[PDB]
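One chain comes next, on its own, written out as structure tokens in the form deposited in one PDB entry.
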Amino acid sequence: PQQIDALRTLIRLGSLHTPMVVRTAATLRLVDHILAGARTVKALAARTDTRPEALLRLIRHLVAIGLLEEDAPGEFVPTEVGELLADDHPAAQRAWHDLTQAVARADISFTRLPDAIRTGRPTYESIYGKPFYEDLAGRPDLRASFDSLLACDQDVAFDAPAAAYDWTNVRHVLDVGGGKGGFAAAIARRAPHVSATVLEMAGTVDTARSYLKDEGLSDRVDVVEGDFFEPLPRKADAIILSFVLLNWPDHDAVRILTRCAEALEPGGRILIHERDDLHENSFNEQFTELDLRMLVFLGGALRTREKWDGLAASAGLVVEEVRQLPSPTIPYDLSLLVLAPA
């Protein structure tokens, strides 16, 4: 029958149990326990305190989708794909799929995706009771998990964009929504003359200070607790917005950009570190995953190249330059947009 291939393709794409099986495996640390020697259902059930027959039924789907394989009778081992759920694999995919950590927990928001397409508004609060960052504020453990996930690739998060900008004429940097201070730290290492300030939320500021202290950068990078919708705590030659604006709908993104514009020294620049696909190039799974997460988590959005041109104008800014960043690790197209006063 001619449509069976198409049918199977649709059913697979539409299957909700398959990603939940992957995330359940991640959460139970199943692959770690297997690598440590528990290859049978009875051994793995003991290690995870799960019911043996129910665990077998989970394992059966993990084999069907190619994450595990039955090596000997009743003995299971990870495939090349399944091995990526080992806890210390550099892609950190176990943590990214762990239902007790911030992102896979937030992904439950997708169960109300129709509401988000109707309203353009996030569904996270309807599930967890508070909007995303307020929820993280009330759950320091989730805050910590979130901060660690985002920084899982330091070359992409911090080193590549720091290396792609000329800091020679920069004296002061303000990193707005700067997380644990990784970006500010990478700049400081490359540009010894720079002093930097990280503006962040409660909880994150302590992680940031502790990180910078560990790095021996406390004297060059300070951390300020604050709200980037209010006047910024000081002026700067370079103001960093690294994966900040995508958290926000257009009217909020403009407010943040305007606060940054108002804090620029003469000759200063605003640096945006984000995706910037041309619209015609944006129909890809990397763009849509992050963009749709921003919708249901936060009501934010990824902006295509043509939108960035528009957003800058509204904040009294102009796009001076868009620097296509190298991909030092995985092929993941990122840019550094450089904005100047209009």
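Residue numbers here begin at 1 and follow the sequence given. Heads up, when I say rigid core I mean the largest set of C-alphas that superpose within 1.5 Å between the two forms.
When the C-alpha temperature factors are averaged for each of 146-154 and 119-127, which stretch ends up with the higher value in the entry? In the deposited entry, the stretch with the higher C-alpha B-factor mean is 146-154.
Look up the CA B-factors in the entry and say which stretch, 136-144 or 217-225, has the higher mean. So the stretch with the higher mean C-alpha B-factor is 217-225.
Using the temperature factors in the entry, find which of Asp175, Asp88, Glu230, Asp159 has the highest value at its Cα atom. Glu230 has the highest C-alpha B-factor of those listed.
From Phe110, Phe183, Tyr211, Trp96, residue of greatest CA B-factor: That would be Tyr211.
Using only modelled residues of the chain, where does the Cα B factor of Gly74 rank: lowest third, middle third or highest third? Highest third, going by the recorded CA B-factors of the chain.
Mind checking which third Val318 falls in for C-alpha B-factor across the chain? Ranked within chain, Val318 CA B lands in the highest tercile.
Ranking every modelled residue in this chain by its Cα temperature factor as given in the entry, which third contains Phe243? For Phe243, the deposited C-alpha B-factor lands in the middle third.
Going by what the PDB entry lists, where does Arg105 fall on CA B-factor within its chain: lowest, middle or highest third? It belongs to the lowest third of the chain when residues are ordered by C-alpha B-factor.
Of the three thirds of its chain by CA temperature factor, lowest, middle or highest, which one includes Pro114? Bottom third by C-alpha B-factor.
What follows is about the form deposited in another entry, which we do not show.
For the list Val103, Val156, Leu246, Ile256, which one shows a CA move of 2 Å or more between the shown form and the other one after the core is fit? Between the two forms, the residue that moves is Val156.
Compare the position of the CA of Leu10 between the shown form and the other one after a rigid core fit and state whether the shift reaches 2 Å. After core superposition, the C-alpha of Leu10 moves less than 2 Å between the shown form and the other one.
Taking the rigid core as the reference frame, tell me whether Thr288 has a CA displacement of 2 angstroms or more between the shown form and the other one. The answer is no; the displacement is under 2 Å.
After fitting the core, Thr329 CA displacement of 2 Å or more between the shown form and the other one: Yes, because once the rigid core is superposed, the C-alpha of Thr329 moves 2 Å or more between the shown form and the other one.
Once you account for a change of 3 Å or more, let me know if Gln286 and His273 sit closer or farther in the other entry, using their C-alpha atoms. Distance between the C-alphas of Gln286 and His273: longer in the other entry, by 3 Å or more.
Between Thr329 and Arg29, do the C-alpha atoms lie closer or farther in the other entry than in the shown form, with a difference of 3 angstroms or more? Their C-alpha distance shrinks by at least 3 Å in the other entry.
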